[PDB]
Each structure stands twice: as structure tokens, then as C-alpha cells.
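Next comes just one chain, in C-alpha cells: the form deposited in one PDB entry.
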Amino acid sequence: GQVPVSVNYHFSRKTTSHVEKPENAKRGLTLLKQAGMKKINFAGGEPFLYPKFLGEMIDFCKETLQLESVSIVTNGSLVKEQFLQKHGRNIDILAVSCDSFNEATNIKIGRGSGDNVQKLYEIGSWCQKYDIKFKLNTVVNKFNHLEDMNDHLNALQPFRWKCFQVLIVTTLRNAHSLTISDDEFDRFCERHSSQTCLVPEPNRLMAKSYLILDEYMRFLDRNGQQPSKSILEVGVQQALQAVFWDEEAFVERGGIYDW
């Protein structure tokens, strides 16, 4: 460390929850830039629950820090067109997490009830109006691994469709009651082979260099836990050693269900 090119800033957690003051976050992200950060991704709580902060920090990252890439991950429920217009010049990628187009499937995963589907189409279209790359994030699990989505994906034309094989971390067993074999996962990917945006990520080979910065601007370790002290306190490289930072061990948590 040097930090990876990309850092995932989970600036609030899933009353309500702690969020950094804008001056402090502005300072933390500056530290990250000086340490090698070029791309930022706002996750994981639900960023559009806090649009004034999201908007301030998007502008700051693109205008002041001149970052190559500014991404957001969202369930899409609270995205309104006024935000994308006010800030779209500064947002490169908006990823919407969508696991199913069936209301029943969604309820069973722990998300519903729908109908989410028209809102997704609204967002996809606002993305082209405001020059935002439109990405879809899907976790393939016991409940959606037989679903056919080609029609909806042909309509939505994301520039990237990332499909993660579910992985659960540990009275539960309603985990192994949710895993899928690699064959089931592959049969989902083939079922959508006609789909050029499709980027599969199986458990056998997860993306590396995946670093999470939490709502106190602390890093998490290779398991999503044992946070360092905030970079605001000990700075970037000392906080990296505090969490045993190693590019190859920090796999992507996007497909993971952290329980």
C-alpha cells in the first residue's frame, strides 16, 4: 500500500446510522487520492438515502480530486431524475442491484415485494440522457438460478451485467439452503450466452484488490471485519497494514452474503 486504483466507500451502513461530516469525508478522500486512488465507488448502505452527501462527494471527487471514475451502487428504489441531472456530469457508472424480475423470487431472496421492474427501465433511460454508464449487478442463488432474463436484458441494454455466484459466510443452514453448484451457475450463464454485457464471476475465481472503506473511513480486512482505525486518524498506509492488506487476498464481496 499504495491503495488500489479503486476504493469502495461504504459511507453508511445497512435514527439511523453514522455518516461522516462532509469536511471530514472530503479530507479522507483527499488522503486516498494522494495515496494512489483513481476510481471511487459509493456503496453499500443505500447511497440515495443520503443524497445531499452523495451529491457533495460525487462533485468533490470528479471536480476537485479529478478522479478517473466515480461509480454508485444502488437498489434504484430512491433514485430520482433530478439527482442524475444535477450530478450526472460527474457520475461515470450507476450500478443497480437487481436479482430477479419475478415478484415471488424477489420476496424469497429478502428484497420484495416488487414491482421494481418499471423503475429499472426508468433508470436505464435516465442513464443515457445524462451520459451515465448503466450497469446491472445480479447474485445468482437458489431462487433465481433457473430464471430467464434475456428479454428484460435485451430491453435494458446495460453496458455491463455482472453476475455473481452466491457465497454465504457463517441455526442458519438457510445458507446451504441457498448455495448453487458451479454447474447450476454455469447453466445460468449459458442460458444468457446471447448477452454481450454478461460478465460472470464464479466463486472459484473472484476479482481481487477489493478494498472497503467503511462509514468511519476505516478499512476492512480480507473478511469484511476487524476494521483499522480511521484513515483520518492514522492515515492510509498505516491503516492498510492494520488490516493485512494484500491484493490477492482481498476478494470481491459483491457476491457475498455477509452474515
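Between two forms, the rigid core is the largest collection of C-alphas that superpose within 1.5 Å. Start at 1 with the first residue shown and count on from there.
S.K.: Using none, 1 to 3, 4 to 9 or 10 or more, say how many deposited residues go missing between residue 170 and residue 171.
M.R.: Missing in between: 4 to 9 residues.
S.K.: For the stretch from residue 14 to residue 15, please bin the deposited residues that the model skips: none, 1 to 3, 4 to 9, or 10 or more.
M.R.: The entry has a long gap there, with 10 or more residues left out between residue 14 and residue 15.
S.K.: Can you let me know which of the two, 15-23 or 243-251, has the higher average C-alpha B-factor in the entry?
M.R.: Per the deposited B-factors, the answer is 15-23.
S.K.: May I ask you to compare 186-194 and 203-211 by their mean CA B factor in the entry and name the higher one?
M.R.: For C-alpha atoms only, the mean B-factor is higher in 186-194.
S.K.: Which of these, 73, 136, 175, 91, has its C-alpha atom at the highest B-factor, as the entry lists it?
M.R.: That would be 175.
S.K.: Against its chain's modelled residues, does residue 127's Cα B factor rank lowest, middle or highest third?
M.R.: For residue 127, whose C-alpha B-factor we compare with every modelled residue in the chain, the answer is the highest third.
S.K.: According to the PDB entry, is the CA B factor of residue 155 in the bottom, middle or top third of its chain, that is, lowest, middle or highest?
M.R.: Middle third - that is where residue 155 ends up once the chain's C-alpha B-factors are sorted.
S.K.: State the tercile, meaning the lowest, middle or highest third, of residue 3 with respect to the CA B-factors recorded for its chain.
M.R.: Tercile = highest for this residue's CA B-factor.
S.K.: Report the third (lowest, middle or highest) to which the CA temperature factor of residue 227 belongs, ranking only the modelled residues of the same chain.
M.R.: It falls in the bottom third of the chain.
S.K.: When the modelled residues of the chain are sorted by Cα temperature factor, does residue 163 land in the lowest, middle or highest third?
M.R.: Lowest third - that is where residue 163 ends up once the chain's C-alpha B-factors are sorted.
A second form of this protein, the form deposited in another entry, is not displayed here; the remarks below concern that form.
S.K.: Superpose the two forms on their rigid core, then report whether the C-alpha of residue 41 is displaced by 2 angstroms or more between this form and the one not shown.
M.R.: It does not reach a 2 Å shift.
S.K.: Take the rigid core as the frame of reference and indicate whether the C-alpha of residue 204 shifts by 2 Å or more between this form and the one not shown.
M.R.: Indeed, residue 204 is displaced by 2 Å or more.
S.K.: Residue 51: with the rigid core matched between this form and the one not shown, does its Cα shift 2 Å or more?
M.R.: No, its C-alpha moves less than 2 Å.
S.K.: Work out whether the Cα atoms of residue 207 and residue 160 come closer together or move farther apart in that other deposited form than they are in this form, the change being 3 angstroms or more.
M.R.: It is farther: in that other deposited form, the C-alpha atoms of residue 207 and residue 160 lie at least 3 Å more apart than they do here.
S.K.: Quick one: with a 3 Å or larger change, is the residue 251 to residue 99 CA distance smaller or larger in that other deposited form? Answer closer or farther.
M.R.: Farther apart, by at least 3 Å.
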